[PDB]
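Below is one structure; the comments refer to it alone.
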Amino acid sequence: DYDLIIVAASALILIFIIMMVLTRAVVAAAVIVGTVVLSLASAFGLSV
Amino acid sequence: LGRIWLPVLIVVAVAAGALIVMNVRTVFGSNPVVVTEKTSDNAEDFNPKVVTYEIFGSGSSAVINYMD
């Protein structure tokens, strides 16, 4: 449980930083991260 | 702040991630042994009740059995 929380937080922050650096935009990076998270929830549901 | 907004936000995000790591990593474990509490009584001898046995008769000697 604790490792899942840590991994999710660290990965999200790092991916957000990388996307913000590359696209030079904040809202675009936020949109990318949020959409990926929603897809992640759907994936969990389908696999379960 | 065209050239200042990016590194500041990067540092802020890194600090937040580091804080979360430092907390959650140390949350795990921290319960290897269970130690029960001790509550004993004061073992002292104040005002002890005194019991006295007396045997006496017209005879010379006697055989005596008693419970301590």
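Quick note: the coordinates plus some simple rules give every number you see, no bench work behind them. Counting neighbours? That spans all protein chains shown, and the Cβs are built from the backbone with ideal geometry, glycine included.
Kindly provide the set of residues from the range B:18-40 that are among the small types (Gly, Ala, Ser) and surrounded by 11 or more Cβ atoms within 10 Å (Cβ to Cβ), ordered by number. Passing the criteria: only B:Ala18.
Picking from residues in the range A:11-21 that are crowded, with 16+ Cβ neighbours inside 10 Å and within 8 Å of chain B (Cβ to nearest Cβ), the one that is nearest to B:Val21 (Cα to Cα) is A:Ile13.
When B:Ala43, B:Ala15 are screened for being within 40 Å of the chain's Cα centre (by Cα), surrounded by 10 or more Cβ atoms within 10 Å (Cβ to Cβ) and small (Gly, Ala, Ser), only B:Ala15 passes. Can you find a residue that is among the small types (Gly, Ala, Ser) and in a loop (DSSP other than H, G, I, E, B) anywhere in the range B:17-25? For the range B:17-25, residues among the small types (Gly, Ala, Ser) and in a loop (DSSP other than H, G, I, E, B): absent.
Selection of the range A:15-48 for residues being under 22 Å from B:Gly2 (Cα atoms) and within 9 Å of the chain's Cα centre (by Cα) yields A:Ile15, A:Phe16, A:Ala30. Evaluating A:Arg24 against the criteria (1) away from every other protein chain (no Cβ under 12 Å); (2) exposed (fewer than 11 other Cβ atoms within 10 Å of the Cβ) leaves one unmet condition, (1). Looking at A:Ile6, A:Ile32, which one is within 11 Å of chain B (Cβ to nearest Cβ) and either outside any helix (DSSP H, G or I) or surrounded by 13 or more Cβ atoms within 10 Å (Cβ to Cβ) (or both)? A:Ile6 is the lone residue from the list that is within 11 Å of chain B (Cβ to nearest Cβ) and either outside any helix (DSSP H, G or I) or surrounded by 13 or more Cβ atoms within 10 Å (Cβ to Cβ) (or both).
For residues that are within 11 Å of chain A (Cβ to nearest Cβ) and among the basic types (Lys, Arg), tally how many sit in the range B:1-55.
Adding up the residues that qualify gives 1.
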